[PDB]
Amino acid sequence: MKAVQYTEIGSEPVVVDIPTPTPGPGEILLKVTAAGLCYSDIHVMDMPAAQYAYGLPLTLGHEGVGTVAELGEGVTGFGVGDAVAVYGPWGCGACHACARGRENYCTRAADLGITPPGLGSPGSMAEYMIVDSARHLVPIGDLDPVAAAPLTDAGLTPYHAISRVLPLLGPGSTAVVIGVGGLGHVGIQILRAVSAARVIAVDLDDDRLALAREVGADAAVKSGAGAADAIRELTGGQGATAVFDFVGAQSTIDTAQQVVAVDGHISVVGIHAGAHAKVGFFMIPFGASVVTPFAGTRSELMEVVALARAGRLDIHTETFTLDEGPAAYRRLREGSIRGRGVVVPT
């Protein structure tokens, strides 16, 4: 089969031909219908050799949707042809966190050699992919695969981040979304669907601010030195109940600390190495909590899919072939994909 792989440190990923895998016991083989590109893949490919630990070659793609092609020995609960989304952050399944479906916060996975697809195990940017266990598949019915693939991370991650503090976001609350890309543009729509928060979007790029308004942001503010004052102006001096920072640069985290309300929340979701919130007296308001959330839970993925099926998430995508995979990653690096890049194998 055709796949897109990261094959040597510092180089662009390449289109390859590798064997179509066969499922062992408990496993499922999917025919991939859509594979999302996430900016996390760029963080991974930019790691120096000393930091990089996922093995070479590596089939990319941690956002995967497909149809069941072959059942491994013992597998029931899915039929051949079933449309499924892949739950990404694989855990041990047995610990206290995993028993609640919170496999994103499993502490045993590393020691057991469990790695996620596209980030240690073979990903979804290929004609076919293996899934380790039935509990890591979620049915999607007749959902369009292209709009469905991003739900598995661009949807799941903001959904989880928002869910951690959803009781704060009552009528009268304000939520700030910093970064209107793959994650951010879905985050705005989740906020609108599950809360009565007023949503203020923040981005460097005017066209992303337009995207923000298109998907339901109440206001849009230019990022940078003026953002904090502009946000406070909109919130009448009380600040924002919650800030969801999908950039996570030091400048955006600083903006978040300068606008968050007393007894509010900052969720540092975007990854920028070295950047951090400074949580201490006189540097942040009383009662304003800060966290770096990771991925999401099994039941949260089901909820994201339910939002999509109810028509609550308009996922903005651009489609690419497998051959266009390396080019699509260049587009993501330069910031020219309006929403989520998705590879459709054929």
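Position 1 is the first residue in the sequence shown; the rest follow in order.
*Asks:* Regarding 111 to 119 and 258 to 266, which shows the higher C-alpha temperature factor on average in the entry?
*Replies:* Stretch with the higher mean C-alpha B-factor: 111 to 119.
*Asks:* Read off the CA B-factors in the entry, average them over 127 to 135 and over 95 to 103, and name the higher stretch.
*Replies:* Looking at the record's C-alpha B-factors, the answer is 127 to 135.
*Asks:* Taking the values straight from the PDB record, which of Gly181, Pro167, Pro89, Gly237 has the highest C-alpha temperature factor?
*Replies:* Max CA B-factor in the entry, restricted to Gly181, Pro167, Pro89, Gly237: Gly237.
*Asks:* Between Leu29, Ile284, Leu301, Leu37, which one tops the list for C-alpha B-factor in the PDB entry?
*Replies:* It is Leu29.
*Asks:* Taking the values exactly as deposited, rank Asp245 by C-alpha B-factor within its chain and report the matching third: lowest, middle or highest.
*Replies:* Lowest third of the chain for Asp245's C-alpha B-factor.
*Asks:* Ranked by Cα temperature factor within the chain, is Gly280 in the lowest third, the middle third or the highest third?
*Replies:* According to the entry, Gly280 has a C-alpha B-factor in the chain's lowest third.
*Asks:* What third of its chain's C-alpha B-factors does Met45 belong to: lowest, middle or highest?
*Replies:* Within its chain, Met45 is a highest-third residue by C-alpha B-factor, going by the deposited values.
*Asks:* Name the third of the chain's ranked CA B-factors that contains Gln51, choosing lowest, middle or highest.
*Replies:* For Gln51, the deposited C-alpha B-factor lands in the highest third.
*Asks:* What third of its chain, lowest, middle or highest, does the C-alpha temperature factor of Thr76 fall into?
*Replies:* Top third by C-alpha B-factor.
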